[PDB]
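1. Below is the sequence, then the experimental coordinates.
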Amino acid sequence: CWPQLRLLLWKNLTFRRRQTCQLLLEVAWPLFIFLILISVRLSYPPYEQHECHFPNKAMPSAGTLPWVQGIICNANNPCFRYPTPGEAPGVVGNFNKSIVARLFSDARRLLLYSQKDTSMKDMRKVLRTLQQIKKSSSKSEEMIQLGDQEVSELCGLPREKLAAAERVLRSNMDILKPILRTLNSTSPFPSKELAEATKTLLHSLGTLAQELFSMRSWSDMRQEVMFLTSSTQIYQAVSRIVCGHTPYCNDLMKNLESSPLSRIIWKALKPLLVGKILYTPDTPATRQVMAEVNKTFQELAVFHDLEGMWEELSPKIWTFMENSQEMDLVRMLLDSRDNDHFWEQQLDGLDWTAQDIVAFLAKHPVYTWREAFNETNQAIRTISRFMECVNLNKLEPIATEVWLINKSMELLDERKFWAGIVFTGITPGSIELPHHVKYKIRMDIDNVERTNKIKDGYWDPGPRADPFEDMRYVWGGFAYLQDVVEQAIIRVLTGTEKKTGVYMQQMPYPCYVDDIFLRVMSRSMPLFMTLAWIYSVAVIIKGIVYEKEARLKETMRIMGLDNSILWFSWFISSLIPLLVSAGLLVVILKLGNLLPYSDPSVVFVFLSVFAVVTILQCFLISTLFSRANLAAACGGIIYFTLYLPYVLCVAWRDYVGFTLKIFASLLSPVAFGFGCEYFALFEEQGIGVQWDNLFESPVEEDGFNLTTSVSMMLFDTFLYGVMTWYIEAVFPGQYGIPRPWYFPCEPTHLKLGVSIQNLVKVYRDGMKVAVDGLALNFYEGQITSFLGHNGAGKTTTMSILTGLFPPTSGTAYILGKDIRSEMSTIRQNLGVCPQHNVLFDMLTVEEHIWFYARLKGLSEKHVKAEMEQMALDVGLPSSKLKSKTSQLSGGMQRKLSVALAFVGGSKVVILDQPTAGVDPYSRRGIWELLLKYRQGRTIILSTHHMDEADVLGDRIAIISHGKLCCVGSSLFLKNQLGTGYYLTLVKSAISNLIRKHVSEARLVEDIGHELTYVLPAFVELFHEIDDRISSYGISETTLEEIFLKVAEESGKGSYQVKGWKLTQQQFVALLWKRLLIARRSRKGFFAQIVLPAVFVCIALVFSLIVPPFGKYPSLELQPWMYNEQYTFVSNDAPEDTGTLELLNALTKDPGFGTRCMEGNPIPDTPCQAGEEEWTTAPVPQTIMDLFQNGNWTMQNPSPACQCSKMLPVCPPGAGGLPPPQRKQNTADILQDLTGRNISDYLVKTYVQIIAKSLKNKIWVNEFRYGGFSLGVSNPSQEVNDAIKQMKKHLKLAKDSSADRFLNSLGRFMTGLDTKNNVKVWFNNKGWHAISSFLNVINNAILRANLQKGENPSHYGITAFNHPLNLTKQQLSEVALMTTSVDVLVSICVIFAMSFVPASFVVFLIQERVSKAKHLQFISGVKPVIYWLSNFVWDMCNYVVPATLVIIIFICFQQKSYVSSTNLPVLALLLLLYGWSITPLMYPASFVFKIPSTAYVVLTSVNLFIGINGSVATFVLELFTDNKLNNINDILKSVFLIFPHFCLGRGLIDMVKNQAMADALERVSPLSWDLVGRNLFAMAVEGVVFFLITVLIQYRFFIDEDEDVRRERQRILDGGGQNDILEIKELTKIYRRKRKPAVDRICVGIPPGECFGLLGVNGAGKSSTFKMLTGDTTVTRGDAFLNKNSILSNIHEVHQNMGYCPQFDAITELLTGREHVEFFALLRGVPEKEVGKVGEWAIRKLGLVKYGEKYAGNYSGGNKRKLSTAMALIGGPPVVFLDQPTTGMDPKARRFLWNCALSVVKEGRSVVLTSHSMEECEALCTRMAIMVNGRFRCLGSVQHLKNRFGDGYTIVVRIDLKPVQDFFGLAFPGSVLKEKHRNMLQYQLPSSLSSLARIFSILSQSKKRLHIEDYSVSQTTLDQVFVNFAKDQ
Ligand SMILES: Nc1ncnc2c1ncn2[C@@H]1O[C@H](COP(=O)(O)OP(=O)(O)OP(=O)(O)O)[C@@H](O)[C@H]1O
Ligand SMILES: Nc1ncnc2c1ncn2[C@@H]1O[C@H](COP(=O)(O)OP(=O)(O)OP(=O)(O)O)[C@@H](O)[C@H]1O
Ligand SMILES: *[C@@H]1O[C@H](CO)[C@@H](O[C@@H]2O[C@H](CO)[C@@H](O)[C@H](O)[C@H]2NC(C)=O)[C@H](O)[C@H]1NC(C)=O
Ligand SMILES: *[C@@H]1O[C@H](CO)[C@@H](O)[C@H](O)[C@H]1NC(C)=O
Ligand SMILES: *[C@@H]1O[C@H](CO)[C@@H](O)[C@H](O)[C@H]1NC(C)=O
Ligand SMILES: [Mg+2]
Ligand SMILES: [Mg+2]
């Protein structure tokens, strides 16, 4: 078995060497997409994210002001890269740098000061004592005005001096009176107690001013609000303000919608000041809880009653600063001689001295108290208008739960609906509480995290720090409302007024690396791993079906090879390139940074196993079809439909078990997908497969792993091989036996080689009754001439004898072995040579013979000897051995096929038409070869040459219609049947003269100057014929007339339409032909048109079984959902103030939460009972590096580790100290973190635990989820007393403007300080961990707040998370899922609509390889009209499946495509895509010669380009934040050159528009930027491609013999004025040959003769015919046909030309009559006379029974009959017949001679080429023999027989030597030529005249010798042609 396998491998290697481009493309098909992937990966390296921490969010329980500050500041998770002080155990504030907190603290300080202030009383008593003791303290005009203007402290004396300078001293003495007062300067010096009173008042004023000027907050606030009121500086301004480093409010909300800030801030503030909450029936307990919640909310309502305060106290404070005597005396005390010194001493040298005070406070009419008052009034007005339409009344009582859902819907329709608290009360009664409050928080899913899943599925690095996607618990209002409700329940159950502060700190992440490309790989690996192998399966299936369809596989199996060796050879020849491609792919994945963590060896092994699976699936699929055109369309489609179950199981991901996964992967496109998924999951986790991750790949599952997938692929390969063998044995197709279903469950002295018994064959077309009964017996040492007419059952019988066609009845024993059972044993010793040349194209002749000789077991030297022997006996000139067989002619191919049937040891030879198109010269060599191998090879001759069958055939057999007619030797059928003397002489009176010399004379046939007479006396008759055209020859009942007698016993219109009428006629004829072709071919139509629609339907079905939505179960907010977790507790500042009690109540009998407390009110979670011990974990020998390196300060308490994998790696000791762990009876162990740095310890322990659990390959899950840190803050009664004293004083009242405002301010001030607080450290990886740990810490607070209870066990609160099931599922969830499924269905649509158009060229190839398209161009059909008809037909054949896909999309209700605005756009998009892709796939048949190969290539190229461009643009515009996508836009324009890219982009734009519309509900697709540009581009591309293919069809441009020399000179000097065909110096030089096949041909054919072009095989006749018709390009010379040149205008030459090519060019799906009618419609025959012309052309060449049968099922003679009939359509003046008699019975050639004679007599010409010399010697007028492209005779038949011959020729038949002795004795000179073992030939010329004399002497010596038959001819053409061929 090894030699045949190595021979087949050598053949495949030679085939791949001859076509290196195809092999390179097959290897690099995955390389293209993989290089694109690594290139787009190089632009996105793994981002090294630093180890950053997150700020702490403040809860409303810790204060509304810090709550708002935490909402605004850390709304984006800035990741400050360093541990913030909020994470420190001591300080928790982190907001002491903001000016708002400083302003509130200064307001509290001012309130306390006013509580302890007496300055008002001091100034009041000072005013009182000055009024009781002093009782007085409140030239004319020129002096009065001067005194009024100069009324100052010291200006009085200056004014007095200025007055006295111009007046008398009378105003001076009075000046002495005012000098003692000094403007109330020394007035306190007079009294005693008034001095002390003024001193105390001045001290109080100094302290008050010092406080007011050390506030220092309102100054910064004013500066910031004046600087803010554009660029990015406003962000920093508002950050410095709020942090550290009806239609009016609607308009404000609209301005905020423009987001001049972080959008997350607005997203979080939307449910705060717009949303509204609701609760259950009004239970008085629930009523009190809601009232406490309302109080907590209205704590922030200090700005509501602020306007009421500023609308009542503004006049009082305005008059207090304008005309109050107290402020006047303050101003007086502020300015004096020593008061300024006192103020400077009391100010301690601070800023804003007394001058600034008097400039700001004292102003009667640039900055004073007036501008400050206006500014604060404007600020109060702005604050009131901002807090005007805010709904602080968010509390609506509801009577039930269905009404709750209805009101929730109604409020969400108004876009104002916050969370809803649903209690579980049993009775609306005055009971306090059931001690176990179960409450649910129902809100919209857009603001609450999804509850269907509790984890992110597969583990991926990242702290989940997206403030909008995965942080919905902090901006949606869930955690805040949860904390508020918990605090309310705690206050109701206990009654304590103080509230423990609550903070939420997100756990930091240890400098992980985010790689979005890893996610892209995990999402698109099984998708991008499909097309690269779809191309491979298409190529492999196409090649296999083309090998087994062209009878190559069957011929090879007949030659001696079995099936298993061929299957192994195909497997190896498909695996080696696939192995190279897999190795290159592994190298690309390893070097391209795509799979850096996986071992390349494991990837290579996996890819090799997948390639084996792929090859066996290819074998299985190929064994299902028989035609390559159907397989080329079915293979990839089936391979892609079998992959859909993988996508189904991926979309399900639930309720699928191990056995279900096995059954889904039984087809095994799902095993490779699961393997790629596991590889991507291992890569995303930074592990890979280092030959040890096998057998364990569970994300969340039991057993399914990678080794399971490998074993399943092995089992699937075994099953595929078994099924392939079974199907190929049972259903092989049309070339099988086949095997049954229940498996394996008259020479009497010869060997009698082959014997048939009652052979019956029935074809399934019309039951095809052709072979009724055959009892033929073939012997060993005899050549049985299996003769028969066209369709008599010769080829069918010879195929039944082989393994080609199965017999319906009877049997056939070959060498004693049956064919129905022992077929392989017979084929092991069987040689065949069929009627059609079945041979490889890439292999040469010598390689062919070497292969077919080594296939039988001959040695290398023996094979070389056999090659040389065959090359010398067949007649090979030894120059075509190293040339490809595809370049050979018909004769050379036939000789090679005959030679390949005799090589090696084959005792049974079957030759069907061994001489078809072979010259009479090589026929002699074939005869010698058959005679040399006539010992025991059982040669079965089936030819149409009567001479060959009579010479070689020892026992001929003539049949008809399958029934046996006659069997026997030549003597038997010549003596039994009609015998006599047949006289044939070339040419009324002759009949009279032959009837007067002999008694019996009869005329039987007169066709082509033959005039054959039969004569059953003779010497005188021959003398009379001789002495009185010069061609006398008689014979004795040859085989021709015998066959004729056996067979006997068993027109161009009158209209000639032209112009538009002819154009329309040809168009309708082409459309009707295409319709007939599509009607009679339903399997191909279903596989190429309806199969993509079925594929789209199956894809939509698989995408329709997605899991249902709208189901959100109630998820409990408890941490007991993740099995293994690690909690930690931190006790900061243990001073027994408020922390130790909560710490004890947190780890006591009630436990961590409400899990097990007098029962388990949580489903399916039993808690452990007995565990209580504080045991420190065992620390290894690593305490020395920590003790000797002591003095570990709080900053960096453990040796930090660098971050260059995912997480850093460095030796143990990262945490530093193992804390004592203890199980708290809740299935989780807590660790005490007292006095430990929380952030660094947590980071280091996370790192070390991840490293330890990843080193063991355990699929690392989350380690910790939450922890608590209890601390204290660095009062209430004081500020309450301050508020009370402020209300009691200064005109106390009870209005709703001042008293309510003061009470609200006091409530706000007392709600900011916290005695103790708790920081909940939560990891955002858990989707519900923060809320659960909040509930846990609230339960702990409740347990610690109850006083003197019997037991704190039965106390507890539980929270449920039940999202709204109203209308939708989520935003991002659907935005990803629908996006993915739409991308999938768009890829499927691209696949389908790319599989369709590539078939349109297939038929075109079926017209271009053959001369069918050439014959259509010979008629009046122009290329433009033909291309237009093809375009219309393909447009219909494309809109049929387009309509099918549209109907499927309508029925599936895919709102993304068949919506009210996208359905017509989608239809137009599909129409334009087809209109643009059809003329793009049209210019592809001119380069390919195989229809299935071009089909596969075009389909693969289209799908690759389209899908790759679509997915590239998608991943570049969707998941890219860099500006590189901009370049992609330009690339779009470039990619606009591919229509598939335009279709994909249109689909993607429709999907994105629908997604944006749905997000808006949470634009027309005909715009320019949208699909409209794609439509315009498709239209332009269609027009341009149609023009391009039309231009392509127009080639972008629209010493010799005496007679030969005489004719050449006659043509040169003077042109013929009457000859139709005039050829001048015709020359043809093929490429890379340097030897012209035809050169220097100059002939003139008049319109009244018959021209014959004879020549040896390879002379240049077919090339000359192709140059005349226009198939090839003429190099030199010209050819005028009816005064029309070829290069000038070929249309006029074609309009008067009838071409009959050498090879049959007919449609396999059209009948003969339909062919004739079509070719008549093309040539201008009117429809009224089409039927008559068709009937005439049919009846003129027989075909009566075959007139209604398909031409593809015709016989060897019926095809030539149809070709000649089509050539005789239209009645052209010159009919070119190229081998029209090739394999036809004598009746067909007689009919053809009659047709040619009728054509010549009608006034036309016939350029005939044939290989039978009798034909051209009979009917042809002027003949020309060409050799190597040069003529030799160029004359008439009689002139040729006279100048190249003389005398007579004798053909005798018989034991051989006595005949030669007699011929040498009776004749002196007679050359013995063409000596055979059966016949002899002698020549007269060296003898005398009087042929009657030699006839008489041969008659007198016939009885003495053993001569069987004798014949005489007068210089026949056979010997002349043999001599001409032997010359050169
Ligand atoms: N694939 C087919 N489908 C239907 N009928 C067929 C098919 N192949 C052959 N036939 C029929 O079987 C009959 C047997 O014809 P056969 O093959 O003997 O012709 P032939 O002897 O090769 O002709 P020639 O002698 O001119 O070469 C024919 O009449 C033909 O119509
Ligand atoms: N496509 C081709 N490429 C290379 N050489 C070619 C090609 N076609 C024909 N030839 C050359 O032309 C020669 C045959 O010429 P042509 O086709 O005129 O003869 P033919 O009429 O087919 O012979 P026959 O009478 O045996 O059918 C061959 O020797 C071959 O080398
Ligand atoms: C719950 O609190 C809101 C304010 O947060 C209270 O609404 C106040 O009273 C009436 C409406 O009831 C309005 O005129 C006031 O302007 C509201 N604000 C203030 C600051 O008074 C509401 O009354 C409270 N609910 C109950 C039952 O008292
Ligand atoms: C605010 O916190 C800081 C800590 O950064 C502290 O130094 C400062 O004293 C605090 N201010 C107070 C307590 O008023
Ligand atoms: C949502 O769930 C409630 C359960 O009380 C049900 O009454 C309602 O019909 C559901 N909504 C939809 C749209 O099914
Ligand atoms: Mg045949
Ligand atoms: Mg030829």
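-> Perfect, I can see it now. Numbers count the residues shown, from 1 in each chain. Ligands and ions are numbered 1, 2, ... in the order given.
2. which parts of this structure sit against ligand 4?
-> 85, 91, 93, 96, 1274 (CB under 6 Å from any ligand atom). In short, each C-beta sits where N, CA and C put it, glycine included.
3. switch the cut-off to 5 Å
-> residue 96 (CB under 5 Å from any ligand atom).
4. Which residues of the chain lie near ligand 1?
-> Checking the chain against ligand 1 by CB under 5 Å from any ligand atom, the hits are 763, 765, 768, 770, 790-791, 793-796, 1753, 1755-1757, 1783.
5. how about those residues, which pair is most distant?
-> Across the residues of the chain next to ligand 1, the longest distance by CB to CB is 21.4 Å; it joins 765 and 1783.
6. between the two, who's got more neighbours?
-> Neighbours around residue 765 and residue 1783, counted as other CB atoms under 10 Å, are more numerous at residue 1783. The numbers are 24 against 10.
7. Okay, and the more buried one sits in which element?
-> For residue 1783, there is no host helix or strand (DSSP states H and E).
8. how close does it get to residue 850?
-> Taking CB to CB, to the nearest Å as the criterion, residue 1783 is separated from residue 850 by 29 Å.
9. cool, residue 392 as well?
-> 99 Å.
10. Just give me the residue closest to the centre of the protein.
-> By CA atoms, centre = their mean, the chain has its centre lying nearest to residue 1507, at 4.0 Å.
11. Now do the longest helix anywhere in the chain: distance to the chain's middle.
-> Looking across the chain with DSSP state H, the single longest helix is helix 516-549. Centroid displacement of helix 516-549 relative to its chain, using CA atoms, centre = their mean, to the nearest Å, is 10 Å.
12. which element follows it toward the C-terminus?
-> According to DSSP H and E, the helix or strand after helix 516-549 is helix 552-559.
13. Give the buried residues for that following helix.
-> By neighbour count on 16 or more other CB atoms under 10 Å, the buried set for helix 552-559 is 553, 554, 555, 556, 557, 558, 559.
14. I'd like the next helix or strand past that helix.
-> Next along from helix 552-559, by DSSP H and E: helix 563-591.
15. Tell me what angle that next one forms with helix 516-549.
-> Orientation note: helix 563-591 sits at an angle of 160 degrees relative to helix 516-549 (axes from the mean of the first three to the mean of the last three CA atoms, to 10 degrees).
16. what packs against helix 563-591?
-> Helix 563-591 sits against helix 2-18, helix 20-42, helix 516-549, helix 552-559, helix 600-622, with contacts defined as 3 or more CB pairs under 8 Å, 6 or more residues apart in numbering; DSSP states H and E.
17. Of all residues in the stretch 1701-1850 of the chain, which one is closest to ligand 1?
-> residue 1756 (2.2 Å; CB to the nearest ligand atom).
18. do the same with the stretch 1401-1550 of the chain
-> For the stretch 1401-1550 of the chain, CB to the nearest ligand atom, closest residue to ligand 1: residue 1406, 16.3 Å.
19. That residue: neighbour count?
-> Going by other CB under 10 Å, the residues that sit close to residue 1406 add up to 18.
20. between residue 392 and residue 850, who's got more neighbours?
-> It is residue 850, of residue 392 and residue 850, that has more neighbours when counted by other CB under 10 Å, with 21 against 14.
21. Quick one: classify the residue nearest to the centre of the chain as helix, strand or coil.
-> helix (DSSP: H, G, I helix; E, B strand; the rest coil).
22. Quick check, it in contact with residue 1389.
-> No: the pair residue 1507 / residue 1389 is not scored as a contact, 10.3 Å apart, by CB atoms under 8 Å.
23. quick one, phi/psi of the residue of the stretch 501-650 of the chain at minimum distance from ligand 7?
-> With CB to the ion, the shortest gap between the stretch 501-650 of the chain and ligand 7 falls at residue 550, namely 21.6 Å. Note on residue 550: its backbone torsions stand at phi -80, psi 20 [degrees, to the nearest 10].
24. excluding its backbone neighbours, what's nearest residue 1134?
-> Counting by CB to CB, 6 or more residues apart in numbering, residue 1140 is the residue found nearest to residue 1134 once chain neighbours are left out, at 6.0 Å.
25. picking that back up, please give me every residue in contact with the residue of the stretch 1701-1850 of the chain closest to ligand 1.
-> 790, 795, 835, 913, 916, 1782, 1783, 1784 (CB atoms under 8 Å, 6 or more residues apart in numbering).
26. wait, what's in contact with the first one?
-> Applying CB under 8 Å, 6+ apart, we find residue 790 in contact with 1755, 1756, 1757, 1758, 1761, 1784, 1785, 1788.
27. Can you give the domain ranges for the protein?
-> What automatic domain parsing lists as the domains of the chain is 2-42+514-584+592-648+668-690+722-730, 139-183, 754-961, 978-1049, 1380-1593, 1599-1843, 1844-1928.
28. What helix or strand is the closest residue to residue 242 other than its chain neighbours located in?
-> Excluding the flanking residues, the one nearest residue 242 by CB to CB, 6+ apart is residue 72, at 5.1 Å. Residue 72 belongs to helix 64-73 when assigned by DSSP H and E.
29. For that helix, which outside residues touch it?
-> Outside helix 64-73, the residues that touch it by CB under 8 Å, 6+ apart are 55-60, 95, 98, 100-101, 104, 239, 242-244, 265, 268-269, 272, 296, 299-300, 480, 1308, 1311-1312.
30. Which ones among those lie within strands?
-> 56, 57, 58 (DSSP state E).
31. The first one: neighbour count?
-> Burial measure for residue 56: 25 neighbouring residues, criterion other CB under 10 Å.
32. three-state assignment of the residue nearest to it when sequence neighbours are not counted?
-> Spatially, and ignoring its direct neighbours in sequence, residue 56 is nearest to residue 86 (4.0 Å; CB to CB, 6+ apart). Counting by three-state DSSP, the backbone at residue 86 sits in helix.
33. Which residues are in contact with residue 86?
-> Counting by CB under 8 Å, 6+ apart, residue 86 has contacts 55, 56, 92, 93, 94, 503, 505.
34. picking that back up, could I get the ones in strands among the contacts of helix 64-73 as CSV with distance to ligand 7?
-> Output for those, formatted as CSV (distance: CB to the ion, whole Å):
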residue, distance to ligand 7
56, 95
57, 92
58, 98
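35. which of the residues you listed lies closest to residue 1670?
-> Ranked by distance to residue 1670 (CB to CB), the ones in strands among the contacts of helix 64-73 are led by residue 57 at 86.3 Å.
36. That closest one pairs with what?
-> Note on residue 57: beta-bridge partners by DSSP bridges are residue 504.
37. what sits against it?
-> Counting by CB under 8 Å, 6+ apart, residue 57 has contacts 70, 71, 74, 474, 479, 503, 504, 505.
38. quick one: it and residue 975, what's the gap?
-> 120 Å.
39. now do residue 1468
-> 81 Å.
40. who's more crowded, these two?
-> More neighbours surround residue 1468 than the other of residue 1468 and residue 975, with 17 against 11 (other CB under 10 Å).
41. how about that one, what does it touch?
-> Neighbouring residues of residue 1468 by CB under 8 Å, 6+ apart: residue 1575.
42. again with residue 1720
-> For residue 1720, the contacting residues are 1053, 1730, 1733, 1734, 1737, 1769, 1770, by CB under 8 Å, 6+ apart.
43. Check the secondary structure at the second one for me.
-> For residue 1730, the secondary structure call by three-state DSSP comes out as helix.
44. wait, it sits on residue 1714?
-> No: using CB under 8 Å, residue 1730 is not in contact with residue 1714; the gap is 10.7 Å.
45. Neighbours of residue 161, how many?
-> Per other CB under 10 Å, the neighbour tally for residue 161 reads 12.
46. Spell out which helix or strand contains residue 372, please.
-> Going by DSSP H and E, residue 372 is part of helix 369-386.
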